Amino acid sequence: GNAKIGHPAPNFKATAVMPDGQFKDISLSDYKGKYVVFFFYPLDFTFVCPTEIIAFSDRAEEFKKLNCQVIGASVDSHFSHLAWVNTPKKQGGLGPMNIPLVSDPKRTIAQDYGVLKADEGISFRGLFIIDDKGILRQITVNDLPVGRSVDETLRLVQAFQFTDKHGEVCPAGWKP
């Protein structure tokens, strides 16, 4: 991997499926001036709970209020992302999305983000917080097969922005 805290998030250009249903080649740099929640999940339909994408799609406006763009990703092609989008969510599909879904079928974005199982060719679950300047602020990687909490993720973005503005909430030990 190249992803590293305090450095620019590795930039990719990739095909995404956009909220309007269309394919568009996008880059993380497109969102400079906004915080970004970028999350990797293993595989459409078979190795992820639909609701961990749905809960972020549903609540995307809570994120846009914080000036934050949410983007999902997996090693799936854009064709497979679109198929899951066009599967109804009462059929355990995604249904229509308020957020873009990046495709990584060559596995090079997952490798670059340091979340690839090279043998299996699927990512772990990864959460990346990237600030309005494009700088990587958090990495979480795990193999925990439950959905990420939207509330917690909002709170985290809020904590980063707060401390961006105000400095340390929990002061360093040397400080008077």
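All residue numbers refer to positions in the sequence shown, first residue = 1.
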Mean C-alpha temperature factor, higher of 101-109 and 88-96: 88-96
Mean C-alpha B-factor comparison - 53-61 and 136-144, higher one: 53-61
Selection by C-alpha B-factor (highest) of 66, 122, 36, 48: 66
Relative C-alpha B-factor of residue 26, binned into the chain's lowest, middle or highest third: middle
